[PDB]
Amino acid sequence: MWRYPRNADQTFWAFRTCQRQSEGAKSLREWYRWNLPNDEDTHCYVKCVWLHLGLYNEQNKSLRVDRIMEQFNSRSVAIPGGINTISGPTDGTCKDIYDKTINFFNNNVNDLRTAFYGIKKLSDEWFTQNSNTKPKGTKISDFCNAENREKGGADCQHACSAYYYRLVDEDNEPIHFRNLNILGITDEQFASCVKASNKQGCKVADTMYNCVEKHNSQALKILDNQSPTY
């Protein structure tokens, strides 16, 4: 189950993972400077980030306005105006989710960057003060191989890596929406790993890790290779 508020590693992962999933986009460079142009790839990049932050409810096709507000409150940032526009059901398209949130973004850019650690100084401070989280610049394998993290406090073998690959969340619950298609894992294959993982504790993480590796032996190696900055 997802935890809120989202921390600086969790927000960083959502941005970078969604950037990788749209890496051929014409507007990629604009996203780097916090500009979200009105084009299809940007629409779907925006939907991806809302989803990967844990802020899109796929069941009612609505933003988790309650958790968005919690992020502001937890970060001591004033609640922005215009919340009504981002609230309520969408039709599920990238276009609709973009249209419902673009003014909210454009009208509150720097407060949103503050609340979601989108400022280098604020992110650097979070990581400095949370040394038990994988630092930027360090690979998942190198971090999780240290301090017996892969054991998960028990007898596991991939407890830490499965978390940082986002196969499972902090609760060792599988992350159902994870997209590893470009790594050679189809949606059906990933779903089968989720289903294979009534297991309990970090055994869910190990089951997800082993199942993914079984489908494609390189996929998790690629995520590890990408992991210094995701």
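Sequential numbering from 1, following the sequence displayed.
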property	result
Size class of the missing deposited segment between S197 and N198	1 to 3
Average Cα temperature factor in the PDB entry - higher stretch of 151 to 159, 133 to 141	151 to 159
181 to 189 set against 160 to 168, stretch whose average Cα temperature factor tops the other in the entry	181 to 189
Selection by C-alpha B-factor (highest) of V109, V77, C94, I86	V77
Lowest, middle or highest third - CA B-factor, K121	highest
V204, C-alpha B-factor rank within chain (lowest, middle or highest third)	highest
Lowest, middle or highest third - CA B-factor, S62	middle
Modelled-residue ranking by C-alpha temperature factor, third containing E30	middle
CA B-factor placement of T128, once the chain's modelled residues are sorted into thirds	highest
